[PDB]
$ cat start-v9.txt   # compact mmCIF, C-alpha atoms and all ligand atoms
# COMPACT_ATOMS: atom_id res chain seq x y z
CA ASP A 106 23.34 -10.97 7.99
CA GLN A 107 21.21 -8.98 10.46
CA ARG A 108 17.98 -10.76 11.35
CA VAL A 109 15.06 -8.36 10.95
CA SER A 110 11.48 -8.65 12.13
CA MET A 111 8.46 -9.04 9.86
CA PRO A 112 6.66 -7.22 8.11
CA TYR A 113 9.34 -5.21 6.30
CA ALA A 114 9.19 -2.79 3.39
CA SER A 115 12.66 -1.54 2.46
CA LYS A 116 13.74 -0.60 -1.07
CA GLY A 117 10.35 -1.25 -2.64
CA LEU A 118 10.01 -4.87 -1.48
CA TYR A 119 7.07 -5.43 0.85
CA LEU A 120 7.70 -8.60 2.87
CA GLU A 121 4.24 -9.41 4.19
CA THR A 122 2.08 -12.38 5.16
CA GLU A 123 -1.07 -13.24 3.20
CA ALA A 124 -3.55 -15.94 4.18
CA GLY A 125 -1.20 -17.27 6.84
CA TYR A 126 1.50 -17.70 4.18
CA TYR A 127 4.52 -15.50 3.61
CA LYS A 128 4.84 -13.17 0.61
CA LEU A 129 7.56 -11.02 -0.97
CA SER A 130 6.10 -8.52 -3.44
CA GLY A 131 8.19 -6.48 -5.86
CA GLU A 132 5.54 -4.89 -8.09
CA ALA A 133 7.94 -2.06 -8.94
CA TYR A 134 10.35 -4.69 -10.28
CA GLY A 135 7.68 -7.10 -11.55
CA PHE A 136 7.46 -10.18 -9.36
CA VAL A 137 5.56 -11.72 -6.45
CA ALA A 138 7.21 -14.54 -4.52
CA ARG A 139 5.71 -16.49 -1.63
CA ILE A 140 6.07 -19.62 0.48
CA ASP A 141 3.50 -21.81 2.22
CA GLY A 142 3.64 -23.65 5.54
CA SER A 143 5.02 -26.89 4.11
CA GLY A 144 7.54 -25.04 1.93
CA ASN A 145 6.63 -24.57 -1.72
CA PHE A 146 8.28 -21.69 -3.53
CA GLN A 147 6.18 -19.80 -6.07
CA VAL A 148 7.10 -16.96 -8.43
CA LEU A 149 4.44 -14.92 -10.21
CA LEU A 150 6.17 -12.79 -12.84
CA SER A 151 5.02 -10.19 -15.33
CA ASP A 152 4.75 -10.28 -19.11
CA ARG A 153 7.46 -7.60 -19.36
CA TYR A 154 10.04 -10.43 -19.25
CA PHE A 155 8.55 -12.44 -22.17
CA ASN A 156 11.09 -14.66 -24.06
CA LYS A 157 13.54 -13.29 -21.41
CA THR A 158 14.17 -14.37 -17.76
CA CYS A 159 16.33 -17.48 -18.28
CA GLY A 160 16.98 -19.54 -15.18
CA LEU A 161 15.88 -22.61 -13.26
CA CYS A 162 12.21 -21.81 -13.98
CA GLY A 163 12.89 -21.47 -17.70
CA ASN A 164 12.14 -18.67 -20.14
CA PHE A 165 8.70 -17.05 -20.35
CA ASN A 166 7.80 -17.96 -23.92
CA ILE A 167 4.80 -19.85 -25.28
CA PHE A 168 6.63 -23.12 -25.97
CA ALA A 169 7.37 -25.63 -23.22
CA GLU A 170 10.01 -27.85 -24.88
CA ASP A 171 12.80 -25.33 -25.56
CA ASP A 172 12.91 -23.96 -22.01
CA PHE A 173 16.20 -25.60 -21.03
CA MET A 174 18.64 -23.00 -22.44
CA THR A 175 21.74 -23.17 -20.29
CA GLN A 176 23.78 -20.25 -19.00
CA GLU A 177 25.81 -20.55 -22.20
CA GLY A 178 22.70 -21.05 -24.33
CA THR A 179 22.31 -24.71 -25.27
CA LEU A 180 19.09 -26.67 -25.69
CA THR A 181 19.82 -29.70 -23.48
CA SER A 182 17.66 -32.81 -23.31
CA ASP A 183 18.61 -33.51 -19.69
CA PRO A 184 16.56 -31.72 -16.99
CA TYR A 185 19.48 -32.17 -14.57
CA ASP A 186 22.80 -30.82 -15.89
CA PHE A 187 20.75 -27.78 -16.92
CA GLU B 270 0.12 -28.34 -7.44
CA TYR B 271 -2.43 -29.37 -10.07
CA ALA B 272 -5.10 -27.30 -8.32
CA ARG B 273 -3.15 -24.05 -8.51
CA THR B 274 -1.83 -24.61 -12.04
CA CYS B 275 -5.43 -24.67 -13.30
CA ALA B 276 -6.41 -21.70 -11.12
CA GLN B 277 -3.71 -19.51 -12.65
CA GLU B 278 -4.95 -20.26 -16.18
CA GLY B 279 -8.30 -18.54 -15.56
CA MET B 280 -10.42 -21.53 -14.42
CA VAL B 281 -10.52 -22.14 -10.68
CA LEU B 282 -11.74 -25.35 -9.01
CA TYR B 283 -13.71 -25.74 -5.79
CA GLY B 284 -13.97 -28.03 -2.79
CA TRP B 285 -11.49 -30.59 -4.10
CA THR B 286 -9.94 -31.02 -0.63
CA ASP B 287 -13.24 -32.13 0.95
CA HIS B 288 -12.83 -35.82 0.04
CA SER B 289 -9.12 -35.92 -0.89
CA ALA B 290 -8.13 -36.62 2.75
CA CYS B 291 -5.25 -34.14 2.54
CA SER B 292 -5.38 -30.49 3.61
CA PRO B 293 -2.30 -28.25 3.43
CA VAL B 294 -0.71 -27.31 6.73
CA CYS B 295 -1.57 -24.03 8.44
CA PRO B 296 -1.24 -22.70 12.01
CA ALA B 297 -3.94 -22.98 14.66
CA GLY B 298 -7.34 -21.37 14.20
CA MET B 299 -7.20 -21.43 10.39
CA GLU B 300 -7.56 -24.10 7.73
CA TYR B 301 -7.27 -24.11 3.95
CA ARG B 302 -10.00 -22.18 2.19
CA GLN B 303 -9.90 -21.69 -1.58
CA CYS B 304 -10.16 -18.24 -3.18
CA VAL B 305 -10.12 -16.01 -0.13
CA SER B 306 -9.48 -12.32 -0.67
CA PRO B 307 -5.99 -11.03 0.20
CA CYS B 308 -7.44 -8.01 2.02
CA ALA B 309 -8.43 -9.99 5.09
CA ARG B 310 -10.68 -7.85 7.26
CA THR B 311 -8.66 -7.87 10.48
CA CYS B 312 -9.30 -6.31 13.89
CA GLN B 313 -7.17 -3.13 13.93
CA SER B 314 -8.30 -2.14 10.45
CA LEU B 315 -9.97 0.84 8.81
CA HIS B 316 -13.43 0.13 7.39
CA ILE B 317 -12.66 1.13 3.80
CA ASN B 318 -13.76 -0.80 0.73
CA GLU B 319 -13.54 -0.88 -3.10
CA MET B 320 -9.81 -0.33 -3.21
CA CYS B 321 -8.95 -4.04 -3.00
CA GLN B 322 -10.00 -5.10 -6.48
CA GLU B 323 -7.05 -7.50 -6.62
CA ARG B 324 -7.46 -11.01 -7.97
CA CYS B 325 -8.48 -13.88 -5.72
CA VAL B 326 -5.82 -15.98 -4.00
CA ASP B 327 -5.79 -19.37 -2.30
CA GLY B 328 -4.72 -19.82 1.30
CA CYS B 329 -5.93 -20.49 4.80
CA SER B 330 -7.91 -17.90 6.72
CA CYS B 331 -10.16 -17.43 9.73
CA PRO B 332 -13.81 -18.46 10.22
CA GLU B 333 -16.73 -16.23 9.25
CA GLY B 334 -16.30 -13.99 12.29
CA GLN B 335 -13.15 -14.48 14.35
CA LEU B 336 -11.11 -11.54 13.08
CA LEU B 337 -7.32 -11.72 12.82
CA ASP B 338 -5.07 -10.19 15.47
CA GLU B 339 -1.32 -10.90 15.43
CA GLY B 340 -1.30 -14.26 13.69
CA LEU B 341 -4.30 -15.77 15.46
CA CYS B 342 -8.04 -15.72 14.88
CA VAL B 343 -9.94 -14.06 17.73
CA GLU B 344 -13.62 -13.23 18.13
CA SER B 345 -14.78 -9.78 17.05
CA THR B 346 -16.12 -8.92 20.52
CA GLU B 347 -12.59 -9.06 22.00
CA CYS B 348 -10.98 -6.62 19.59
CA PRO B 349 -8.31 -4.72 21.59
CA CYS B 350 -7.13 -1.14 21.36
CA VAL B 351 -3.57 0.13 20.93
CA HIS B 352 -1.64 3.10 22.32
CA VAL C 862 -12.73 31.91 8.52
CA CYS C 863 -10.43 31.34 5.56
CA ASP C 864 -9.67 28.34 3.34
CA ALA C 865 -7.21 25.87 4.83
CA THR C 866 -4.55 23.91 3.00
CA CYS C 867 -2.73 20.67 3.70
CA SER C 868 0.69 20.08 2.21
CA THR C 869 3.40 17.47 1.84
CA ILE C 870 6.56 19.56 2.10
CA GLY C 871 9.19 17.22 0.78
CA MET C 872 9.12 13.46 0.94
CA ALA C 873 8.21 12.84 4.60
CA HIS C 874 6.52 15.80 6.29
CA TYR C 875 2.93 16.94 6.63
CA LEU C 876 1.38 20.32 7.40
CA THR C 877 -2.11 20.04 8.85
CA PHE C 878 -4.96 22.48 8.25
CA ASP C 879 -4.72 24.30 11.58
CA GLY C 880 -0.93 24.32 11.17
CA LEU C 881 1.24 21.57 12.58
CA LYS C 882 4.37 20.33 10.86
CA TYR C 883 5.32 16.81 11.84
CA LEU C 884 7.61 14.04 10.66
CA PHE C 885 6.22 10.75 9.40
CA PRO C 886 8.34 8.56 7.10
CA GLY C 887 6.14 5.77 5.79
CA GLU C 888 6.15 3.24 2.99
CA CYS C 889 2.54 1.96 3.04
CA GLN C 890 -0.64 3.70 1.85
CA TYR C 891 -2.13 6.30 4.19
CA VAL C 892 -5.35 8.28 4.56
CA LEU C 893 -4.35 11.90 3.98
CA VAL C 894 -7.87 13.22 4.61
CA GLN C 895 -11.44 11.96 4.45
CA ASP C 896 -14.97 12.72 5.63
CA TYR C 897 -16.23 9.29 6.77
CA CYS C 898 -15.17 10.11 10.32
CA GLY C 899 -17.25 8.91 13.26
CA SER C 900 -20.85 9.92 12.53
CA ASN C 901 -20.96 11.36 9.00
CA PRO C 902 -22.01 10.25 5.49
CA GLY C 903 -18.50 9.84 4.06
CA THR C 904 -18.41 11.69 0.74
CA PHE C 905 -14.69 11.84 -0.14
CA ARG C 906 -11.69 9.70 0.78
CA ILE C 907 -8.51 11.27 -0.61
CA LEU C 908 -5.65 8.84 0.03
CA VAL C 909 -1.90 8.97 -0.46
CA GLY C 910 0.63 6.23 -0.99
CA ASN C 911 4.41 6.22 -1.06
CA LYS C 912 6.92 3.56 -2.09
CA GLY C 913 10.55 3.56 -1.02
CA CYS C 914 10.14 6.82 0.86
CA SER C 915 11.20 6.18 4.46
CA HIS C 916 14.57 7.70 3.51
CA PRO C 917 14.09 10.64 1.07
CA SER C 918 15.98 10.29 -2.21
CA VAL C 919 15.48 10.32 -5.99
CA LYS C 920 13.27 7.29 -5.20
CA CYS C 921 9.86 7.94 -3.51
CA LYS C 922 7.39 8.51 -6.29
CA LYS C 923 3.99 9.21 -4.73
CA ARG C 924 0.65 7.71 -5.73
CA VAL C 925 -2.66 9.42 -4.98
CA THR C 926 -6.11 7.81 -5.19
CA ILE C 927 -9.01 10.21 -4.61
CA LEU C 928 -12.47 8.70 -4.13
CA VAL C 929 -15.30 11.25 -4.49
CA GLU C 930 -18.85 10.73 -5.81
CA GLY C 931 -18.36 6.99 -6.23
CA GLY C 932 -15.38 7.69 -8.46
CA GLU C 933 -11.76 6.60 -8.74
CA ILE C 934 -9.47 9.17 -10.35
CA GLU C 935 -5.81 8.71 -9.47
CA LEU C 936 -2.44 10.07 -10.48
CA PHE C 937 1.23 9.16 -10.63
CA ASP C 938 4.16 9.39 -13.04
CA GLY C 939 3.16 12.87 -14.15
CA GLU C 940 -0.32 12.26 -15.54
CA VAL C 941 -3.78 11.84 -14.02
CA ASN C 942 -5.80 8.70 -14.76
CA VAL C 943 -9.52 7.96 -14.36
CA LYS C 944 -10.15 4.35 -13.36
CA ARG C 945 -13.87 4.97 -12.67
CA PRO C 946 -15.60 8.20 -13.78
CA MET C 947 -17.91 9.75 -11.21
CA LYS C 948 -21.58 10.56 -11.60
CA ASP C 949 -21.88 14.35 -11.40
CA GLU C 950 -19.27 15.27 -14.01
CA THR C 951 -20.36 18.94 -13.81
CA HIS C 952 -18.15 19.72 -10.82
CA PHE C 953 -15.12 17.89 -12.25
CA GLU C 954 -12.37 20.08 -13.71
CA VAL C 955 -8.65 19.83 -14.49
CA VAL C 956 -6.42 22.88 -14.99
CA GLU C 957 -2.95 21.80 -16.15
CA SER C 958 -1.57 25.33 -15.81
CA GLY C 959 2.16 25.76 -15.36
CA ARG C 960 4.08 23.42 -13.09
CA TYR C 961 0.89 22.27 -11.29
CA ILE C 962 -2.19 20.13 -11.79
CA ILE C 963 -5.04 22.09 -10.21
CA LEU C 964 -8.02 19.79 -9.81
CA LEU C 965 -11.46 20.77 -8.55
CA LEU C 966 -13.98 18.24 -7.27
CA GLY C 967 -16.91 20.23 -5.92
CA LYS C 968 -18.06 23.44 -4.34
CA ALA C 969 -15.76 22.99 -1.32
CA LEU C 970 -12.82 20.86 -2.41
CA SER C 971 -9.72 21.30 -4.55
CA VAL C 972 -6.38 19.56 -5.04
CA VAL C 973 -2.98 20.75 -6.25
CA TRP C 974 -0.04 18.64 -7.38
CA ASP C 975 3.39 19.78 -8.53
CA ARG C 976 3.83 16.66 -10.71
CA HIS C 977 6.66 15.50 -8.38
CA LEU C 978 5.62 15.14 -4.69
CA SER C 979 3.44 17.93 -3.27
CA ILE C 980 -0.20 17.40 -2.29
CA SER C 981 -2.04 20.58 -1.26
CA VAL C 982 -5.74 19.86 -0.80
CA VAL C 983 -7.79 23.01 -0.19
CA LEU C 984 -11.10 22.94 1.70
CA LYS C 985 -13.63 25.71 2.29
CA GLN C 986 -15.62 26.93 5.31
CA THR C 987 -18.24 24.21 4.72
CA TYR C 988 -16.77 21.46 6.87
CA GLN C 989 -15.47 22.90 10.17
CA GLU C 990 -14.82 19.65 12.04
CA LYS C 991 -16.22 17.10 9.62
CA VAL C 992 -12.93 15.55 8.39
CA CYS C 993 -10.03 13.58 9.79
CA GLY C 994 -6.84 11.86 8.69
CA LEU C 995 -3.17 12.82 8.60
CA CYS C 996 -4.21 16.47 8.11
CA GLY C 997 -6.35 16.57 11.24
CA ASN C 998 -9.89 17.71 11.86
CA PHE C 999 -9.99 21.34 10.60
CA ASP C 1000 -11.38 22.94 13.76
CA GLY C 1001 -8.98 25.82 14.55
CA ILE C 1002 -7.65 24.05 17.62
CA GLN C 1003 -4.05 23.39 16.62
CA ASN C 1004 -3.00 20.79 19.24
CA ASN C 1005 -5.67 18.13 18.56
CA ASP C 1006 -4.39 17.26 15.07
CA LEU C 1007 -2.92 14.00 16.43
CA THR C 1008 -6.25 12.29 17.20
CA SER C 1009 -5.59 8.80 15.88
CA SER C 1010 -8.16 6.50 14.32
CA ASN C 1011 -8.74 4.93 17.74
CA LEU C 1012 -10.02 8.31 19.08
CA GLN C 1013 -7.26 9.56 21.34
CA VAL C 1014 -4.52 12.16 21.13
CA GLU C 1015 -1.00 10.80 20.73
CA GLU C 1016 2.28 12.60 21.35
CA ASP C 1017 4.60 10.78 18.92
CA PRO C 1018 3.59 11.23 15.24
CA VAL C 1019 5.27 8.01 14.14
CA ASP C 1020 2.58 6.16 16.10
CA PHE C 1021 -0.09 8.45 14.63
CA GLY C 1022 0.21 7.75 10.92
CA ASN C 1023 0.59 4.06 11.64
CA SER C 1024 -3.03 4.30 12.83
CA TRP C 1025 -4.13 5.63 9.42
CA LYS C 1026 -2.63 3.02 7.12
CA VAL C 1027 -5.11 1.26 4.86
CA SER C 1028 -3.45 -2.15 4.65
CA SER C 1029 -3.47 -3.24 8.29
CA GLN C 1030 -0.89 -5.98 7.57
CA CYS C 1031 1.91 -4.08 5.81
CA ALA C 1032 4.91 -2.77 7.73
CA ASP C 1033 4.48 -0.06 10.33
CA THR C 1034 7.38 2.33 10.37
CA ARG C 1035 10.15 2.29 12.95
CA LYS C 1036 10.61 4.75 15.81
CA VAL C 1037 13.84 6.46 14.71
CA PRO C 1038 16.27 7.66 17.43
CA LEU C 1039 15.93 11.42 17.51
CA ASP C 1040 18.85 13.57 16.38
CA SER C 1041 19.60 16.83 14.61
CA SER C 1042 21.60 15.04 11.88
CA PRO C 1043 20.05 12.56 9.41
CA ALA C 1044 21.91 9.58 7.98
CA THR C 1045 24.24 11.26 5.49
CA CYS C 1046 24.81 14.28 7.74
CA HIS C 1047 25.46 11.92 10.68
CA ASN C 1048 29.11 12.38 11.71
CA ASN C 1049 29.80 14.41 8.55
CA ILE C 1050 29.88 17.86 10.16
CA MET C 1051 31.63 19.28 7.08
CA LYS C 1052 28.71 18.49 4.78
CA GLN C 1053 26.22 19.49 7.49
CA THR C 1054 27.37 23.11 7.13
CA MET C 1055 27.33 23.22 3.33
CA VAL C 1056 23.70 22.12 3.50
CA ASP C 1057 22.80 24.51 6.31
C1 LIG D 1101 12.19 -14.60 -28.67
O1 LIG D 1101 13.48 -14.14 -29.07
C2 LIG D 1101 13.92 -14.54 -30.36
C3 LIG D 1101 15.28 -13.92 -30.63
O2 LIG D 1101 15.19 -12.50 -30.48
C4 LIG D 1101 12.93 -14.11 -31.43
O3 LIG D 1101 13.33 -14.65 -32.70
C5 LIG D 1101 11.53 -14.60 -31.10
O4 LIG D 1101 10.59 -14.07 -32.03
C6 LIG D 1101 11.15 -14.18 -29.69
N1 LIG D 1101 9.86 -14.76 -29.36
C7 LIG D 1101 9.56 -16.01 -29.68
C8 LIG D 1101 8.16 -16.22 -30.18
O5 LIG D 1101 10.35 -16.94 -29.60
CA CA D 1102 9.04 -22.36 -21.95
CA CA D 1103 -7.30 20.51 14.92
$ encode --input "start-v9.txt" --output "structure tokens"
Amino acid sequence: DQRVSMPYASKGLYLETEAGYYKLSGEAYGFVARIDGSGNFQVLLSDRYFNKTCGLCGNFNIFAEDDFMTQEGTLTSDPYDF
Amino acid sequence: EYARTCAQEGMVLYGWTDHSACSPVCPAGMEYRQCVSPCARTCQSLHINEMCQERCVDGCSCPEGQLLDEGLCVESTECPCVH
Amino acid sequence: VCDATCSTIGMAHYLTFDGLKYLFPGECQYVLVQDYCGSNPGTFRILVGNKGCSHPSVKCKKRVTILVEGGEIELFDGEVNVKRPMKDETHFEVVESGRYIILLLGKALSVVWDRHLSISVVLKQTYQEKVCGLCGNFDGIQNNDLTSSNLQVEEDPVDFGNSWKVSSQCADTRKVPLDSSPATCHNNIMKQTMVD
């Protein structure tokens, strides 16, 4: 809840700005998030989490049709209740 | 979005915003380049090279000179000191 | 004149050549020592880089990138790795003897590494005020080892090492309020005696 300044580097998470746009790097944990001026989240993520990380950005497999596997595990046709 | 999704695949595209009549928003002094290095040579920096072999990233940056100093582009002649 | 020796005693301390312990907890990458200083050719650029090391703990693995003879040999996680072999391989040498990684690089340069945190670079009589960095200038004068990159002596070391970070846009470390008790030993006077 405490507002901190920026940059910031605690716990292996460097919270920097790159190219006028904000970045949150976690290379120890395997991810690089960022946001632009308009607001457009982006998540670059390593191959260590292949057919793993299940969430709102889907699993990191090769296929693109099966990547709505709900928190139970259910291939749903709807992109919304997922 | 379509620009970046092709860039990530290993094939970048160039100058598409010249005629598209839409440039992404950025603060004053900078506008949207394409494939600028992340290791922006700023003012209070150490002149070291060939450690930043990182990949190339899109985003807005300063003009050819006009080094960065605290979130604004300022001319290289007026580089301050710090104490 | 004898052969001087930097060190990194623990997670966040530094012992200069001439002899000056000081406190600098950082989390970016920092120039431990180099030769490209002012008006010189710039042969070697030993660097050091820590992650999660502002508060010492079982975290804080160090990374070390040493840049001599157009090379890039670096080390972390126990082993040494060559990302770019250097030209004159004759001077190169690696002596994995005991708990250490002794590592020569020339007639007047050597490095030691205890596989965990310590960095003890040894230089010879050759230089004598040709270097600078977090280890100082190697001149014998013991109270000018805080000459920052902007060519002035500072009094507070936490503003010194912030001058020597490579990435000029990462986070500069915070001026900690001074006290004899660190975080865990703060208001835990029982434990502060068992450690003493
Ligand atoms: C993903 O996980 C499943 C279950 O372990 C496995 O059968 C599959 O080979 C993995 N990768 C692919 C190609 O789906
Ligand atoms: Ca998928
Ligand atoms: Ca000195």
$ residues_around --input "start-v9.txt" --residues "residue 186 of chain A" --least-positions-apart "3" --cutoff "9 Å" --atoms "only C-alpha atoms" --output "PyMOL selection string"
chain A and resi 175+181+183
$ write_last_selection --input "start-v9.txt" --atoms "C-alpha atoms" --output "PDB file, keeping the file's coordinate frame"
ATOM      1  CA  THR A 175      21.740 -23.170 -20.290  1.00  0.00           C
ATOM      2  CA  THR A 181      19.820 -29.700 -23.480  1.00  0.00           C
ATOM      3  CA  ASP A 183      18.610 -33.510 -19.690  1.00  0.00           C
TER       4      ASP A 183
END
$ atom_distance --input "start-v9.txt" --atom1 "atom CA of residue 912 of chain C" --atom2 "atom CA of residue 132 of chain A"
10.5 Å
$ closest_residue --input "start-v9.txt" --among "B:322, B:314, B:286, B:335" --to "chain C" --atoms "only C-alpha atoms"
B:314
$ residues_near_ligand --input "start-v9.txt" --ligand "ligand CA 1103 (chain D)" --cutoff "12 Å" --atoms "only C-alpha atoms and all ligand atoms" --output "list in words"
residues 865, 876, 877, 878, 879, 880, 881, 989, 990, 991, 992, 993, 994, 995, 996, 997, 998, 999, 1000, 1001, 1002, 1003, 1004, 1005, 1006, 1007, 1008, 1009 and 1014 of chain C
$ closest_residue --input "start-v9.txt" --among "A:136, A:127, A:165, A:185" --to "ligand LIG 1101 (chain D)" --atoms "all atoms listed in the file"
A:165
$ atom_distance --input "start-v9.txt" --atom1 "atom CA of residue 281 of chain B" --atom2 "atom CA of residue 329 of chain B"
16.2 Å
$ residues_around --input "start-v9.txt" --residues "residue 974 of chain C" --least-positions-apart "6" --cutoff "8 Å" --atoms "all atoms listed in the file" --output "ChimeraX atom specification"
/C:961-963,980-981
$ interface_residues --input "start-v9.txt" --of "chain C" --to "chain B" --cutoff "10 Å" --atoms "all atoms listed in the file" --output "PyMOL selection string"
chain C and resi 892+897+906+926+928+931+933+1009-1011+1013-1015+1020-1021+1024-1030
$ residues_near_ligand --input "start-v9.txt" --ligand "ligand LIG 1101 (chain D)" --cutoff "12 Å" --atoms "all atoms listed in the file" --output "ChimeraX atom specification"
/A:154-159,164-172
$ interface_residues --input "start-v9.txt" --of "chain B" --to "chain A" --cutoff "6 Å" --atoms "only C-alpha atoms" --output "list in words"
residues 294, 295, 328, 329 and 330 of chain B
$ interface_residues --input "start-v9.txt" --of "chain C" --to "chain A" --cutoff "9 Å" --atoms "all atoms listed in the file" --output "list in words"
residues 888, 889, 912, 913, 914, 915, 920, 1030, 1031, 1032, 1033 and 1034 of chain C
$ closest_residue --input "start-v9.txt" --among "B:270, B:343, B:280, B:333" --to "residue 297 of chain B" --atoms "all atoms listed in the file"
B:343
$ closest_residue --input "start-v9.txt" --among "B:331, B:299, B:337, B:304" --to "residue 276 of chain B" --atoms "all atoms listed in the file"
B:304
$ atom_distance --input "start-v9.txt" --atom1 "atom CA of residue 1022 of chain C" --atom2 "atom CA of residue 1045 of chain C"
24.9 Å
$ closest_residue --input "start-v9.txt" --among "A:177, A:163, A:146, A:182" --to "ligand CA 1102 (chain D)" --atoms "all atoms listed in the file"
A:163
